[PDB]
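Let's start with one chain on its own, the form solved without this ligand, as structure tokens.
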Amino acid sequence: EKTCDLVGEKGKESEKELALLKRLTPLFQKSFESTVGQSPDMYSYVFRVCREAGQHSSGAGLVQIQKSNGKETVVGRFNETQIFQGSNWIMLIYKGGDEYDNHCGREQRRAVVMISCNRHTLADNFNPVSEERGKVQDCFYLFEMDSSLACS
């Protein structure tokens, strides 16, 4: 089966990153969702680690769904993954998402997920911090979530 493909020349992939990637495997089969806003402008976010996250769109690790019409916006693809480790957290990044084409310009979207250390849970509390959705215009997608895996 397919997994996350690190950003770099096939092989040049830092041993370090690959170590982090492996550390996250227990989350692979899991799925994280979050719904924000109020009707008719409610949006939903589905996040998966190195797995398909959308129903329709393919290759997405994080998708934004407009509930009023079910349209899926790819925020990041797991075939362009970057992963870093800070003091007591891990930052996961999915690049190559659908382009803005609005006040944000036309660069591609990327998904940034802050995985904070929480010794009391495998993985939960997934929620958006910064978004580009409706009235919210950050031109940036930042998500946070808890996991004992990110504990150093």
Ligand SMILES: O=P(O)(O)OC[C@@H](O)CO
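Residue numbers here begin at 1 and follow the sequence given.
The same protein has a further form, the form deposited with this ligand bound, not shown here; the description that follows concerns it.
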| Which pick from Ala123, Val112, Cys50, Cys117 sits with a heavy atom within 4.5 Å of this ligand in the entry with it bound? | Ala123
| query | For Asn88, is any heavy atom within 4.5 Å of this ligand in the entry with it bound, or not? | reply | no
| field | Contact flag, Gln55 vs this ligand in the entry with it bound, heavy atom cut 4.5 Å | value | no
| note | Applying a 4.5 angstroms cut-off on non-hydrogen atoms, the residues of 31-58 near this ligand in the entry with it bound are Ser31, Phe32, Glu33
